[PDB]
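Undergrad:
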Amino acid sequence: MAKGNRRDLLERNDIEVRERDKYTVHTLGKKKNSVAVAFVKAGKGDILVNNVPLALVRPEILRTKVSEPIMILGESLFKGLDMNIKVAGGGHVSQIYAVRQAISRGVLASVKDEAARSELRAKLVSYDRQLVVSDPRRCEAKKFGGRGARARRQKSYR
Amino acid sequence: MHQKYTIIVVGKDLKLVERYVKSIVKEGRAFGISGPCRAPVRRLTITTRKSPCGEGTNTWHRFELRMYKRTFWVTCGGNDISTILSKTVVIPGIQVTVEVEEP
Amino acid sequence: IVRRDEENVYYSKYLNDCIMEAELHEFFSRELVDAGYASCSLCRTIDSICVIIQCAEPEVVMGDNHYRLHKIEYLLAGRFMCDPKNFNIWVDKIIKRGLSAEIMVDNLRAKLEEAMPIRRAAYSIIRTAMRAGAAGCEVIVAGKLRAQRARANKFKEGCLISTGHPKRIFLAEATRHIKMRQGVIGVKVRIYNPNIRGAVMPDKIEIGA
Amino acid sequence: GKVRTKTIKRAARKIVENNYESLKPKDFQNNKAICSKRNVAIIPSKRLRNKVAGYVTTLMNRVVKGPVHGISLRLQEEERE
RNA sequence: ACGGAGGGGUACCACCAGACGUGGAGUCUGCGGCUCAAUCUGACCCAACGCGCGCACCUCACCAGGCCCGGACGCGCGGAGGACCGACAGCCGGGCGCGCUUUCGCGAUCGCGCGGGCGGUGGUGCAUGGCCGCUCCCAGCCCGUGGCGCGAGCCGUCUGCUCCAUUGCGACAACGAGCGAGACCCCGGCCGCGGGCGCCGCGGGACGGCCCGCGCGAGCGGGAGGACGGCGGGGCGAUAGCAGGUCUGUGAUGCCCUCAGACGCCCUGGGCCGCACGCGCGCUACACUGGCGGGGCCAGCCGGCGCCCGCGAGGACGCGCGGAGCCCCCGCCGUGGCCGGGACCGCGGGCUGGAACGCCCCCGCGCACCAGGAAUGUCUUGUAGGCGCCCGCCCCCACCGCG
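Written out as structure tokens, the structure reads:
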């Protein structure tokens with residue numbers, strides 16, 4: 001129901017304006033038709049998706065997939081700060097990966113010593129590269145020969 | 021005096037619609053008008069059989085018509101009934117670019 | 004946030020006038036052939052209608068005392084439910100007729116209906132085009148030229164491009180139908196001009212030393 | 002893409018011949034700027050400019066390493082003795 | 001041109017390695033045959049068979065029956081001492097002043113004969129234009145000067161190496177050009193500027209560029225950094241040609257035939273859907289990697305909602321406002337043609353429309369079907385497959401088609 005390009009999202013007009021000015025940082029993550037917007041600030045280690053804590057999310061199986069950056073990076077940093085992501089787009093898994101990408105970039109955007117940022121980038125990308133770089137491939141259109149992008153209507157020679 | 025006015029622009033080519041715009045906005049800097057709100061593109065689509073009859077492989081045409089829309093409504097109090105004509109004349113009238121006005 | 008049923012008014016109000024344009028084009032092409040009608044364009048004004056025609060020699064269609072043209076204006080008032088006197092028609096003239104296929108094809112049909120031979124007429128058209136400045140021109144004639152069996156022969160001179168997006172600008176094509184005794188004779192034309200409007204074809208490179 | 006139509010070759014040549022000193026063998030940005038420059042030539046497109054520049058680079062190093070056939074680099078000086 | 005001749009190349013409409021199927025059952029639909037008053041037709045290997053954009057009326061051509069001339073325009077004749085056209089009532093007729101028995105009305109808008117028109121989903125696509133398909137998911141085609149041959153013709157346009165590619169390097173009685181290919185246009189992915197009701201306008205960026213090997217070379221193999229690495233998906237599409245299809249798309253059309261008991265146009269019913277039979281594209285299933293009940297929850301092309309009745313389908317009012325299946329969680333069933341499967345059939349309640357033969361909902365009944373033989377089709381990344389959602393035609397109707 002939410003497109004991912006709406007002005008209300010990239011700005012997060014959901015939040016009340018007086019507090020809005022505290023969330024210095026902004027960030028983005030995506031996958032396929034799915035978008036993640038992280039407004040980040042100082043805190044004591046808290047996180048929220050669409051007004052939902054991180055543990056109580058629907059991928060009871062991929063909860064660790066979401067939490068990966070925390071464990072690979074350590075805990076003191078994330079304990080340092082706080083978030084409130086919002087996501088909108090196709091599917092559940094797409095949203096999961098968008099979220100984890102957004103978290104990684106946002107936490108990695110917080111440091112101020114670019115040497116530390118480089119060291120962390122190297123540590124992280126080694127585990128996986130798609131936590132930092134968006135996935136390019138996207139749905140391909142279909143043709144009138146048949147009912148699929150590459151498959152064709154069955155041909156009878158007789 | 022003050023009326024809260026709106027300007028509509030419609031077109032099928034992107035060049036003139038992007039040329040009318042520059043002229044009008046350059047002309048209205050004084051009266052207080054401001055830039056446009058580029059609206060979602062309206063996509064007309066038609067798929068037709070490429071043949072006048074059913075024969076051979078089934079090949080399709082894919083025609084479409086794009087319509088572009090720019091809306092300046094930022095005249096309002098800055099422009100009175102008479103002064104609107106001042107802005108709709110100095111611009112370079114193009115043979116196809118209907119522009120409607122409504123408070 | 005907004006209602007899509009209102010802007011549909013404007014959109015449907017810009018589709019109607021496009022269809023209005025084409026009917027006029029057909030009517031002209033069927034009537035003003037003696038004036039060398041080329042095309043028509045329309046500036047829908049909120050006050051009236053202003054129509055800008057393209058004829059080789061407007062004075063003909065313009066008419067003594069502008070009588071014929073004024074007759075025409077009233078006529079189109081009836082069909083489009085527009086008040087007359089608000090349907091002003093402006094004529095414009097063309098200079099480089101050789102650059103336009105429509106005029107030449109009309110001339111060719113005129114010649115052919117006289118029983119003029121096809122070869123002489125086509126090559127006259129072609130040397131006309133190259134005199135006016137042209138990098139190519141191709142002509143065709145298909146039908147029952149001589150015998151019951153029908154075959155087509157084509158004439159030409161210089162290069163003509165028939166592929167890509169450039170074919171949508173530098174290449175102007177036109178066609179007609181001729182109703183003769185034996186049967187329909189079909190003729191078509193195309194002229195290639197790469198230097199129109201100072202537009203440069205791609206795959207073209209100039210170097211200075 | 003490994004397609005190199007004639008146009009690219011001939012144009013890259015005439016350009017290297019008519020303009021050497023302003024260039025380098027392995028660069029692609031300086032050569033791209035030289036091509037974009039107005040005095041040298043005119044390229045309606047961007048992809049064409051990139052391709053021509055790349056071929057210019059490869060010709061330039063193929064030359065600088067050793068003299069190349071078809072190139073009027075002005076090298077009689079060292080052999081006119 | 002061909003070769004069950006030789007030498008080089010190439011492609012999931014070729015194969016290897018594999019996957020998903022079809023052909024097996026029931027059903028939707030089209031196709032031949034059988035039937036009828038008619039079951040209107042076109043197309044038959046690839047290059048015909050959910051294709052000629054949804055048949056209750058129209059569409060509509062076919063079948064059984066009925067009104068009208070809407071016979072333009074010129075010559076002769078007649079005509080207001082009245083040319084032509086309508087109606088109350090009653091019968092016959094499905095019905096109509098269609099027709100029959102009287103008796104009133106209107107008035108030259110003409111009528112008769114001769115010439116001559118208009119119109120026709122009537123025929124010829126093997127008389128034609130135009131438009132498509134195929135040869136062709138190719139890479140080929142021609143010009144001026146010159147030279148070789150009496151000549152048809154040849155060289156140019158390659159018995160070498162590369163390229164997806166007559167794409168390029170290097171030679172040669174050839175030299176010099178052009179089309180086609182590429183270049184080009186639309187879409188998407190990353191970044192910048194501006195602007196902004198609604199994310200939409202202009203630009204940058206990637207080029208076989210860098211390193212290493214080889215190769216005179218063109219270019220091949222590997223490794224990097226980078227949003228993207230080597231033709232990412234579509235559009236356009238050369239010369240020449242087929243007796244390919246279309247006269248049933250048209251004020252596109254030549255020649256024939258229809259032309260006042262009409263193949264003209266309009267109305268009432270019926271048919272195009274009829275069924276012992278052969279097959280083409282699809283849909284649903286054969287179950288535990290499952291069915292049922294409750295709950296939670298996210299798309300995009302794009303997009304309209306509240307209250308009250310009714311189990312539901314739907315309905316009465318009144319305003320401008322808005323997104324699903326798979327999937328996940330908790331439970332029941334527990335290998336039984338069983339709660340798998342829902343064809344067929346019997347009451348009933350509603351919608352559309354002038355009119356159900358059409359379409360929805362409820363209860364009940366509960367056909368085959370246990371992975372389908374000879375044969376055969378499609379396919380290399382957001383692909384196959386699975387799941388659902390919008391538009392086209394459309395008064396109602398999608399197992400169809402474009403997305």
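Residue numbers (the UniProt record's numbering), protein chains in the order written: chain A, 1 to 158; chain X, 21 to 123; chain U, 4 to 212; chain P, 2 to 82. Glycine residues also receive a C-beta, built at the ideal position from the N, C-alpha and C atoms.
(1) Give the secondary structure of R179/U by DSSP, where H, G and I count as helix, E and B as strand, and everything else as coil.
(2) Along chain U, which residues have their Cβ under 7 Å away from the Cβ of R62/X?
(3) Please classify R134/U: is it buried, with 16 or more other beta-carbons within 10 angstroms of its beta-carbon, or exposed?
(4) If you draw a straight line from the alpha carbon of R69/X to that of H81/X, how long is it in whole angstroms?
(5) Note down, in chain order, every chain U residue with its Cβ under 8 Å from the Cβ of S46/P.
(6) To the nearest angstrom, how far is it from the Cα of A124/U to the Cα of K147/U?
(7) Whether or not the segment 144-161 of chain U and the segment 172-189 of chain U are in contact is what I'm after, with contact meaning three or more pairs of Cβ atoms, one per stretch, closer than 8 Å; do they touch?
(8) Which residues does DSSP list as the beta-bridge partners of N91/U?
(9) When you compare only the Cα positions, how much space is there between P136/A and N33/A?
(10) Using a Cβ-Cβ distance under 8 Å, would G211/U count as near chain P?
(11) Going by DSSP, what residues sit across from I66/X in a beta bridge?
(12) Give me the chain X residues within the contact set of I55/U, using Cβ-Cβ distance strictly less than 7 Å, ordered along the chain.
(13) Please state the DSSP three-state secondary structure of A42/A.
(14) Beta-carbon within less than 6 Å of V109/X's beta-carbon, same chain only, minus the 5 sequence neighbours each way: which residues are those?
(15) Distance cutoff 8 Å, beta carbons only. Does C46/U sit that close to anything in chain X?
(16) Please report how far the alpha carbon of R47/U lies from the alpha carbon of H28/U, in whole angstroms.
(17) Examine chain U for any beta-carbon lying closer than 8 Å to the beta-carbon of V4/P, and answer yes or no.
(18) Under a three-way DSSP split, which group does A34/P fall into?
(19) Among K107/X, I114/X, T67/X, whose alpha-carbon lies nearest the alpha-carbon of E121/X?
(20) Using the beta-carbon count (16 or more within 10 Å), is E141/U buried or exposed?
(21) Going by the beta-carbon positions, is the gap between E116/U and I181/U smaller than 8 Å?
(22) If we count the other Cβ atoms within 10 Å of its Cβ and call it buried at 16 or more, is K3/A buried or exposed?
(23) Just to confirm, are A59/U and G39/U a CB contact at a threshold of 8 Å?
(24) Going residue by residue through the segment 93-132 of chain U, where are the continuous alpha helix (DSSP H) segments of at least 4 residues, counting only ones entirely within it?
(25) Between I143/U and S127/U, what straight-line distance do the alpha-carbon atoms span, to the nearest angstrom?
(26) Of the choices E140/A, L77/A, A122/A, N84/A, whose alpha-carbon is the least far from that of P53/A?
(27) Note down the Cα distance separating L34/X from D20/U, rounded to an integer number of angstroms.
(28) Using a Cβ cut-off of 9 Å, which residues of the segment 85-98 of chain X contact any Cβ in chain U, in chain order?
(29) At 7 Å on the CB atoms, spell out the chain U contacts of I28/X, in chain order.
(30) Distance, Cα to Cα, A113/U vs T131/U?
(31) Could you compute how far the alpha carbon of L62/A sits from the alpha carbon of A116/A?
(32) Since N19/P contacts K25/P with CB under 8 Å, what's their CB separation in whole angstroms?
(33) At the level of alpha carbons, what is the spacing between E79/P and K27/P?
(34) Flag this pair as touching only if the segment 98-115 of chain A and the segment 33-43 of chain A have three or more C-beta atom pairs under 8 Å; answer yes or no.
TA: In short, the structure shows the following:
(1) strand
(2) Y14
(3) exposed
(4) Their backbone Cα atoms lie some 6 Å apart in a straight line.
(5) Ordered by position in chain U, the residues that pass the 8 Å Cβ test against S46/P are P205.
(6) 17 Å
(7) yes
(8) In the DSSP output, where bridge partners are listed per residue, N91/U has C53/U.
(9) 11 Å
(10) Yes - at least one Cβ of chain P is within 8 Å of the one on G211/U.
(11) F83/X
(12) Contact annotation for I55/U against chain X: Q115 [CB-CB distance below 7 Å, chain order].
(13) strand
(14) none
(15) yes
(16) 16 Å
(17) no
(18) Per DSSP, reduced to three states, the secondary structure at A34/P is helical.
(19) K107/X
(20) buried
(21) yes
(22) exposed
(23) yes
(24) 104-116
(25) 14 Å
(26) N84/A
(27) 19 Å
(28) With the criterion set as a beta carbon lying under 9 Å from some beta carbon of chain U, the members of the segment 85-98 of chain X are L85, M87, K89, in sequence order.
(29) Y13
(30) Distance between the alpha carbons of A113/U and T131/U: 16 Å.
(31) 29 Å
(32) The pair is not a contact, with the Cβ atoms about 16 Å apart (cut-off 8 Å).
(33) Looking at the backbone, the Cα of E79/P and that of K27/P are separated by about 24 Å.
(34) yes
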